C-alpha cells in the first residue's frame, strides 16, 4: 500500500474520545462508524470511543451555538471539525449574482468559524483536527439533478481557511474534498453518472462514507499496513514470515499441510447491503473505488512449497480452491468471507451498526434541542413548558412534528440513560469478542 508518509493526523490511542463535529453528512452518515470499526477490528485491545456530533442542516453558526451542550459536553480528547456544505449555499449559484453570493457565503462562514476557532484555542486537553468536508460533486451526470455551478469552489475556499487556521494554531489537518473530487473524476471516466456523493451530489452513500473512512485512516498512517502477513515454506516446515501473527504447529501429513495461526487483528468487515432510505451502494463498494483491500484489508497467506491444486480450510470450513502457484504468490484471506475470523469480524460489524442506529436516535434528540428548543429559551428544559411550546409549533414545523414522538421518549433522563446503557452493551460485546483466537489452517491437496 501507498501511505504511512501520508500521515497528517495522529492515530487514536487507548482511552481516546474522538468526536466528529459536522452537518448532515456526519449526522446521517457512517464514515465515523466505519473508522471506529477499523479500530475495533485492527486494534482489538485498544478500546476507544467515537462520537457522532453531526446535526443535519448545520452551518458553522449552528455548530458554534451547540459546542457547550453537545460537543464539549462529550469531553473529547480528539475533536474533528468539518463544515461548509451548507455554509456555501445552493440555488443562488445559478442565479444572477453568483460571484457575489459565493463571496458573501464564504465571508459569513469564516466569520462563524472564527467564533469556533476562539473556542478551540481555549481547550486545555483536546487535540483539534480540521477535516475538510467531502465535496459537492459538480461533474457527475445525474438524471434530473441540476448542478449548483461552482459551489464546490466556495467549499474549497472554506477548507483553505481551515487549513491555514490549523497551521497558525498548531492543529492537524486532513482533507476529503480534493481526493474525493479526484476519485469522482477517475470513476466518472468509466461511467459519467458515477459519484461518491450520493443521489443528490451532496450526501454520500455507504460507499462514499467508506471512502471517507479510508481516507481518514490513511491520514492516520494506516495505508499500506497489513492485517497479517504469513509465509510458510512447505518443504522446511517453519514459518518464513509471521508479521502481525504467530505461526506454530506446522505439520505435514502426506501432501497436506496444516498449522496454527494466531493473528493480532481481525480482517476489516464490509457490509454488502445498501443500508438506508434511497441507498444504492454498500460499504463493500469501496473496493471498486479505492485500493482499500490492497492498502488496508490484506491478510496475506503465502505458502511456497509443493504444487498442484489445494483446498483451503480454516477450522474445518472450506474457503475455496487454489493452485499452489497462487498460494506461492499469496492469497488475501481478508477477501474470503467464509473464514472464521471474517465471520467474527462480521459479528462485530453488525453490533457496531446496531450501535450506530441507537446513536442516531440521540442525534435526532440533539436536533430537537439545538434546532428548536434553544431558540425558545428551553434548551435541555425537558419539561411541561418544553412540551407546550413544541405543541404550539408542530403544525407550522414539519421537521419538529416528525420528531415529536421521538422527543416525547428521549426527553426523559431515565430513557437517555437506558439507551446509552444499550449502546454500552453493544460496545462491551464488541470489545469482548474482537480478540482473534487460534485458527487451524489446512491445505488439503486434491
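Positions refer to the first chain, counted from 1.
Colleague: Identify the stretch, either 5-13 or 18-26, whose C-alpha atoms have the larger mean B-factor according to the entry.
Modeller: It is 5-13 that shows the higher mean C-alpha B-factor.
Colleague: Please compare 239-247 with 344-352 and name the stretch with the higher mean C-alpha B-factor in the deposited structure.
Modeller: Averaged over C-alpha atoms, the B-factors run higher in 239-247.
Colleague: Highest recorded C-alpha temperature factor, please, choosing from 160, 175, 357, 207.
Modeller: In the PDB entry, the greatest C-alpha B-factor among 160, 175, 357, 207 is found at 160.
Colleague: Reading the B-factor column of the entry, which of 127, 203, 119, 190 has the highest value at its C-alpha atom?
Modeller: It is 190.
Colleague: Relative to the other modelled residues of the same chain, rank the CA B-factor of residue 297 and answer lowest, middle or highest third.
Modeller: Its C-alpha B-factor, which the entry lists for residue 297, ranks in the middle third among residues of this chain.
Colleague: Split the chain's modelled residues into thirds by Cα B-factor; is residue 395 in the lowest, middle or highest one?
Modeller: Within its chain, residue 395 is a highest-third residue by C-alpha B-factor, going by the deposited values.
Colleague: According to the PDB entry, is the CA B factor of residue 74 in the bottom, middle or top third of its chain, that is, lowest, middle or highest?
Modeller: Answer is lowest: the recorded C-alpha B-factor places it there.
Colleague: Please rank the C-alpha B-factors of the chain's modelled residues and tell me whether residue 275 sits in the lowest, middle or highest third.
Modeller: Tercile = middle for this residue's CA B-factor.
Colleague: Where does the C-alpha B-factor of residue 364 rank in its chain, lowest, middle or highest third?
Modeller: Lowest third, going by the recorded CA B-factors of the chain.
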